[PDB]
Structure formats: C-alpha cells, structure tokens
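Protein chains in written order, with PDB author numbering: chain E, 330 to 530; chain L, 2 to 112; chain C, 1 to 120. A short write-up of the structure that comes next.
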Amino acid sequence: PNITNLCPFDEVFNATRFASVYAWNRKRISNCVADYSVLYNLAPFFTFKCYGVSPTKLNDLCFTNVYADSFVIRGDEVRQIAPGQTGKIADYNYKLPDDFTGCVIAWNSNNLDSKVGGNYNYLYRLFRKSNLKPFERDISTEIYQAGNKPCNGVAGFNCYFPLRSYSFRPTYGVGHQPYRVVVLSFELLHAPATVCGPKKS
Amino acid sequence: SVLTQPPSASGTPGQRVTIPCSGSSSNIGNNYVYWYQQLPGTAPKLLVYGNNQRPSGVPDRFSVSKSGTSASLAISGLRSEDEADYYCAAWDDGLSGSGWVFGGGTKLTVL
Amino acid sequence: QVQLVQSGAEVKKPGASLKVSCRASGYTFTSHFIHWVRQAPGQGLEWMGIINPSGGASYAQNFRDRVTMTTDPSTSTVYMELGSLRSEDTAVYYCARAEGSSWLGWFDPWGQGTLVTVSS
C-alpha cells in the first residue's frame, strides 16, 4: 500500500549535461516518494516561482503525474519562462500555457557551464514561420526563407539558418551568465495518486 | 573596489590584531575569500585560501574566520616581520560585470 | 622550479601600444591558466584577464576593448598588448599562474613585474 522507494530528483537536478533550449528533454517521475527539502538547498537564496501551489505546504500533496523539463538559457531571459510572457525564447523555442500548475526553478550556474574560451554547444532558434502551441518541441533545421526566391540549401542575404548559438563567457554581466532552468509540471485531484511524500496510516 | 578595508592598522608586538574585509552577498556571500600579503618592493604572495587552509612554507600563526558576509584575518603573536599590506580577494558577480575584486589594502604597522 | 618570467620596459607616450610577455617553465605549460594584474604606484591591485595556455581568453569590463593577448605553445610564452595608453595607466604589470580549473584561484606564482610609465 506504501509506494516507498525514492524519487530520482538528484539525477534530474545534478546531471552532468543539460539540453539546449530548442531540444529540451522531458522526464517522467512516478512510483516514488518526493522529498521537497533537497530542492531548497539548491538555489537557496534564489526563489522558487510556483504557480498554484504554495512552496511551503507542497510536501503534503499527492500528484497524479510529475514531468520535469530541463534546459539552459541566458540570464535576463529567465523572466520569459513565466506563463503569459512574450519574446524570442518564449515563442520560438519553449512556451508555457496560461493555465500552468507547477513550479519553475532557476539558478545561476556560471561555474561549470561557461568557459573562458567560449561555450558554443548551446543553440536556440531565431526564425519561425508562425508561433508554436504550448509544450511543443521542434528539432527540424530546414532553412527558413523570408524573401521571394526559394532557398535550395543556401545561405546569405534573404535566406538564414534558423539556429543561432549562445556565446557564454566567464567575465560577463548577469544576463549573459548561463542559467540552468528546471520546471516541474503536475496536475491535482483528477487521477489516482502516484508520487508524494511522507504518509502513514 | 566593492571590498571595504580600513586603510591603516597598527599594534604592539605580542598583540592579536584583526584585519576585516567586509563585502556583500555577491562577492563574499557565495564564494571563498583569499588573503594575500605584499611586502614593499616584492610581488604579492599567498597567505590564506579557502577560509581554512594555508600553503606550504607559511607558518600557522595567521588565523582566518568568516561570518555572515564578512571575513577577518587575525594575526596572533605579531612580530616585526609583518610589515606588509594585506589584500582580500573574492570572485564577484554583478549587474555590470564579474571578476576578482580586490581590497584597498591595509598598511599594518608594528610599534 | 615554477616561475613566470617577464621582460623590462621603458617610458612610453600617450596613445601608443605596449607589449609584455610571460614565460613559464618547469611544469606542464598547457595545463594552467594565466591571470594578469596591474598595480598603480601608491594604490591597490586590479587584475586584467584570464587566458588558456593554448586558446582564447576573457577580459574584465574596465580593461576591455583595448587589450589583445594571444598564445604561443612553442617557447611557452604568452604575450599581451595594451593599446591607447594614457598617463593614468602608469603602473606595474604582473602575470600569475592559477589552478587548472580556475574560477576559484590561488595565485601562488607571480611575475617579476614590468614597470610602465606614460609621460610626455
């Protein structure tokens, strides 16, 4: 009757490498007890932004399904992860619906992500024909054209590559620091419980 | 120079003297604090790193403590061989930029 | 046998460019970063940049846009050049080694020091 076990939060939060913005990886958590106390240790002076659950009383609540989304974005752009925002990274790479019942965690990570030589391994899309529906992922790298002439796999004027590259460096101001973001989504009171913290009889 | 130090300090031999380095959350709150000593006419050297340990070839006479958002270097058993400036260093991340902010440098005198 | 050797310099003129080299020996050169610092006479200390022994570099905001410094793993020498000097930039310049990881340094070796004077 008791789910016991342990939720793999340490694997999600402390993974060696996180995905890029346009190819954010989704992970599912189930059949374990969630201890939302190690969370406060990571980014302790940084604030959890939760959107429908009080972060203090989150321990005593059972969730039907928990999904974790991880990526790496620039500093000042983190404010775009909130629901209802508009911008380049909130409309061309990753958008949240305006019904989001979850909580987002962000912390400056300019100790292992960025390098003095410059980190070009993180990419982001810049050009799209139209908007993207909430919680969508596109990896296709077909060349996007805005003029009249068709693009037969070419570059230059009036024909651009949709993927641009972040250029992270140590001695940059807050805003150009690589921020690692993990957002947790879970809905309430609509299905049998699968994951939650301590509970007795 | 976000780091704040007293420009001058003095003490009699055998007296415990404390040199403070008071910073903020960005520079002293998150990262380590390192204490270097510069004699006149010589390049700076290393005295204390990591708030606990010291390099080889350095006596255990100097002691370091860190509290809140500030640090202190106490020199128990002061002698005549401590006529040098003392600098505190800590990586600082700010809205404008980021780097190794240093201190003004305290000129320590022995009577 | 760890040291960071430099070369002396003489007076300059405003608007000119000055170049100094830091050479290492006795240890694996392509393993440790390099830090640059400047000390104005009768003043404190302030560092300039961090460098891979073979690669790029990063510079502080204050001393950006006018410093250029490359790598040369042939004689284990790293050169730095400052352009558009001014009479307030008269100082002593030091090069220091660092821990292989950096980002939390312990500047144990330091350079001899180059005196730079800018007067007309």
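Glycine is no exception: its CB is placed at the ideal position from the N, C-alpha and C atoms.
Alpha carbon of residue i to alpha carbon of residue j, nearest angstrom
{"i": "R408 (chain E)", "j": "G485 (chain E)", "result": "33 Å"}
{"i": "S81 (chain L)", "j": "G26 (chain C)", "result": "34 Å"}
{"i": "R509 (chain E)", "j": "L79 (chain L)", "result": "47 Å"}
{"i": "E340 (chain E)", "j": "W353 (chain E)", "result": "16 Å"}
{"i": "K13 (chain C)", "j": "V92 (chain C)", "result": "16 Å"}
{"i": "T43 (chain L)", "j": "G111 (chain C)", "result": "10 Å"}
{"i": "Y365 (chain E)", "j": "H35 (chain C)", "result": "41 Å"}
{"i": "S119 (chain C)", "j": "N487 (chain E)", "result": "52 Å"}
{"i": "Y423 (chain E)", "j": "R466 (chain E)", "result": "7 Å"}
{"i": "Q1 (chain C)", "j": "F63 (chain L)", "result": "27 Å"}
{"i": "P8 (chain L)", "j": "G69 (chain L)", "result": "22 Å"}
{"i": "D420 (chain E)", "j": "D65 (chain C)", "result": "34 Å"}
{"i": "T415 (chain E)", "j": "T385 (chain E)", "result": "29 Å"}
{"i": "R403 (chain E)", "j": "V503 (chain E)", "result": "9 Å"}
{"i": "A16 (chain C)", "j": "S469 (chain E)", "result": "51 Å"}
{"i": "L85 (chain C)", "j": "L18 (chain C)", "result": "8 Å"}
{"i": "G24 (chain L)", "j": "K67 (chain L)", "result": "11 Å"}
{"i": "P60 (chain L)", "j": "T523 (chain E)", "result": "59 Å"}
{"i": "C336 (chain E)", "j": "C95 (chain C)", "result": "49 Å"}
{"i": "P491 (chain E)", "j": "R355 (chain E)", "result": "23 Å"}
{"i": "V362 (chain E)", "j": "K378 (chain E)", "result": "22 Å"}
{"i": "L517 (chain E)", "j": "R346 (chain E)", "result": "31 Å"}
{"i": "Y501 (chain E)", "j": "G56 (chain C)", "result": "15 Å"}
Beta-carbon neighbours of residue i, restricted to chain C and to distances below 8 Å
{"i": "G447 (chain E)", "result": "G56"}
{"i": "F103 (chain L)", "result": "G44, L45, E46 and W47"}
{"i": "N334 (chain E)", "result": "Within chain C, no residue comes near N334 (chain E); the closest Cβ sits about 36 Å away, beyond 8 Å."}
Cβ-based burial, residue i [other Cβ within 10 Å; buried from 16]
{"i": "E406 (chain E)", "result": "buried"}
{"i": "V11 (chain C)", "result": "exposed"}
{"i": "residue 534 (chain E)", "result": "An answer regarding residue 534 (chain E) cannot be provided, because it is not within the stretch 330 to 530 covered by chain E."}
{"i": "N439 (chain E)", "result": "buried"}
{"i": "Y449 (chain E)", "result": "exposed"}
{"i": "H505 (chain E)", "result": "buried"}
{"i": "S443 (chain E)", "result": "buried"}
{"i": "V49 (chain L)", "result": "buried"}
Residue-chain proximity (residue i, chain D), Cβ-Cβ < 9 Å
{"i": "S11 (chain L)", "result": "The structure shown contains no chain D; the protein chains it does contain are E, L and C."}
Identified DSSP bridge partners for residue i
{"i": "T19 (chain L)", "result": "L:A75"}
{"i": "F374 (chain E)", "result": "Bridge partners of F374 (chain E): none, in fact."}
{"i": "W92 (chain L)", "result": "L:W101"}
{"i": "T110 (chain L)", "result": "L:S11"}
{"i": "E81 (chain C)", "result": "C:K19 and C:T68"}
{"i": "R454 (chain E)", "result": "E:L492"}
{"i": "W36 (chain L)", "result": "L:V49 and L:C89"}
{"i": "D398 (chain E)", "result": "E:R355 and E:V512"}
{"i": "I434 (chain E)", "result": "E:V511"}
{"i": "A57 (chain C)", "result": "C:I51"}
{"i": "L4 (chain C)", "result": "C:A24"}
Interface partners of residue i on chain C, CB under 9 Å
{"i": "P45 (chain L)", "result": "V37, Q39, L45, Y94, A96, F107 and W110"}
{"i": "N440 (chain E)", "result": "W103 and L104"}
{"i": "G106 (chain L)", "result": "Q43, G44 and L45"}
Contact set between residue i and chain L, taken where Cβ atoms lie within less than 8 Å
{"i": "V503 (chain E)", "result": "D94, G95, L96 and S99"}
{"i": "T500 (chain E)", "result": "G98, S99 and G100"}
Cβ pair residue i, residue j closer than 9 Å
{"i": "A72 (chain L)", "j": "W101 (chain L)", "result": "no"}
{"i": "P73 (chain C)", "j": "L4 (chain C)", "result": "no"}
{"i": "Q6 (chain C)", "j": "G113 (chain C)", "result": "yes"}
{"i": "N62 (chain C)", "j": "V445 (chain E)", "result": "no"}
{"i": "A411 (chain E)", "j": "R357 (chain E)", "result": "no"}
{"i": "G30 (chain L)", "j": "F392 (chain E)", "result": "no"}
{"i": "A9 (chain C)", "j": "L115 (chain C)", "result": "yes"}
{"i": "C22 (chain C)", "j": "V67 (chain C)", "result": "no"}
{"i": "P499 (chain E)", "j": "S58 (chain C)", "result": "yes"}
{"i": "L109 (chain L)", "j": "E84 (chain L)", "result": "yes"}
{"i": "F400 (chain E)", "j": "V350 (chain E)", "result": "yes"}
{"i": "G106 (chain L)", "j": "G105 (chain C)", "result": "no"}
{"i": "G431 (chain E)", "j": "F342 (chain E)", "result": "no"}
{"i": "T75 (chain C)", "j": "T117 (chain C)", "result": "no"}
{"i": "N370 (chain E)", "j": "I332 (chain E)", "result": "no"}
Amino acids of chain L, ordered along the chain, whose beta-carbon sits closer than 9 Å to that of residue i
{"i": "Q61 (chain C)", "result": "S97, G98, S99 and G100"}
Closer than 9 Å at the beta carbon, the chain E residues around residue i
{"i": "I34 (chain C)", "result": "Ordered by position in chain E, no residue passes the 9 Å Cβ test against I34 (chain C), which lies about 10 Å from the chain."}
Within chain L, partners of residue i - CB distance below 7 Å
{"i": "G113 (chain C)", "result": "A44"}
Residue i beta carbon near the ligand MG (any heavy atom closer than 8 Å)
{"i": "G106 (chain L)", "result": "As far as ligands go, the structure on display features none, and thus does not contain the ligand MG."}
Closer than 7 Å at the beta carbon, the chain C residues around residue i
{"i": "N28 (chain L)", "result": "Near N28 (chain L) there are no residues of chain C at all, since even the closest Cβ is about 13 Å away, more than 7 Å."}
{"i": "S2 (chain L)", "result": "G44"}
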